[PDB]
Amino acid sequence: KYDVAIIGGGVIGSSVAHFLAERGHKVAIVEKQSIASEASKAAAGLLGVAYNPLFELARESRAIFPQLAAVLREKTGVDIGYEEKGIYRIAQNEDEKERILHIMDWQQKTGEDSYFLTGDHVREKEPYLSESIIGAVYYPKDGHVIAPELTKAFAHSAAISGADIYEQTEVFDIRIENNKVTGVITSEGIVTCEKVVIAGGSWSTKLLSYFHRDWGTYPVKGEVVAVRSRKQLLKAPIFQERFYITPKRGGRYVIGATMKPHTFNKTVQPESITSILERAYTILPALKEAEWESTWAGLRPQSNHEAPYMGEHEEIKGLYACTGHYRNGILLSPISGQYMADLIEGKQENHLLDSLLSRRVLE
């Protein structure tokens, strides 16, 4: 008999598990496979990168990462790979240069420090980078983490604090008896609880029907490649119109990512492998003579409302939702967990439904 059962053991559900259990709530994670089985183990873990109410949530989440990391390491033994060596936006042609200069110029007015670099000035800092790069924007405060490690950290933190983790357990439905959540119906039987959180990434749609038929998430498949190198090829991640090359602990380079909407398919097509690597060669040619390590596919949970659903059901008491983070669920995992636990404890109002899901279209 739990305070909250959490449906899904990705970063988002594990983050929620962490913050609740930390505050003495008896919590259960129910996950149909394993912790970090899906988007959260496929993600490149980049933090930061137009305006909107997410930008501010992101900024708030971003700032939690330094202390969160230290805490998690100390408590669980897992280091999440938090790194802050900055991130480059690169440009290889003039359209791209201007696109980047314009982003920077609106960004700068918000207080975020960033410097425009010349191709030669980039190459002083990152010498393996292509002669084709003509400029770039450097953000010294950006960084990244190891998505699966952060995920695993949250979940074991939760367990240490008393959370029960049920892997290989699928939630078919929520048990609402008198317009109240009384439990959850799983493949391994009933789990009694007083509150539920839907954190089912790309699979949340059916359970989101309790809120509304049109509420939902769908998978946007992304394929990525990883290579190893004995050279110091990149110090910091490089970005180019969503495409990225990122270092990780241990001389690993992670490179992606394709976009294939509305499929749960986790195979990798050759063409994607070829397309990804050829693009990487124009940025960073030495990757030709690196060591192939792996390739994989992950399922970004797009929102039907183009913003994650984070909130309490207005009628059915104890029924919560927290999914649809799409491309920024690693970045936002800390703010999401913190918020959800505040909301579950009555410490915050149910205002993030309103704020994130309505967009004024006219006027």
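All residue numbers refer to positions in the sequence shown, first residue = 1.
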| item | value |
| --- | --- |
| Where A297 meets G298 in the shown sequence, the number of deposited residues left unmodelled | none |
| Of 154 to 162 and 108 to 116, the one with larger mean CA B-factor | 108 to 116 |
| Segment of higher mean CA temperature factor, 314 to 322 or 297 to 305 | 314 to 322 |
| Identity of residue with top Cα B-factor, from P270, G256, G183, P148 | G183 |
| Options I190, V171, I80, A199 - largest CA temperature factor per the record | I190 |
| Within-chain third of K41 by Cα B-factor, per the entry | lowest |
| Record-listed C-alpha B factor of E167: chain third | middle |
| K248, C-alpha B-factor rank within chain (lowest, middle or highest third) | middle |
| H212 - Cα temperature factor, lowest/middle/highest third of chain | highest |
| Assigned third (lowest, middle, highest) for the C-alpha B factor of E278 | middle |
